[PDB]
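Per the authors' numbering: the sequence shown = residues 1 to 112.
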Amino acid sequence: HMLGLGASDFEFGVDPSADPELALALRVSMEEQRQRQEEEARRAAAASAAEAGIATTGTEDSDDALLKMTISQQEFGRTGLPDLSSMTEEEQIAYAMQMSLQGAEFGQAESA
């Protein structure tokens, strides 16, 4: 007789030839996880072998750079305060006049 009668005896989990797409996906997935467990496995192998000996952990050559780069993204990201309801009458006025201080024939204020 033939062997064409395996409905539950084999759920496509015995031969990779049963599926070419799943075959390559199983080789790319297993190899991917290995690189993660390896790059992390050897990482502890060197971090513990030298223990902060070969890997420096204090490259603060530009202490002011950390002070500038930190306030550079926080200052430009805030630009003061866009929230109008969370600002006194002068607070929103400073931002409105700050933009109309260098060239302003009218301004963007149609209410108060």
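By construction, the Cβ of each residue, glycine as well, lies at the ideal position given by its N, Cα and C atoms.
Note to self: Just to confirm the assignment, what range does the alpha helix (DSSP H) spanning residue 70 have?
What the structure shows: 63-78
Check: So what does DSSP say about residue 102, is it helix, strand or coil?
Finding: coil
Checklist line | residue 30, enclosing alpha helix (DSSP H) - first and last residue | finding: Its alpha helix (DSSP H) spans residues 20-50.
Next item on the list: Give me the Cα-Cα distance between residue 39 and residue 32, rounded to the nearest whole angstrom.
Entry: 11 Å
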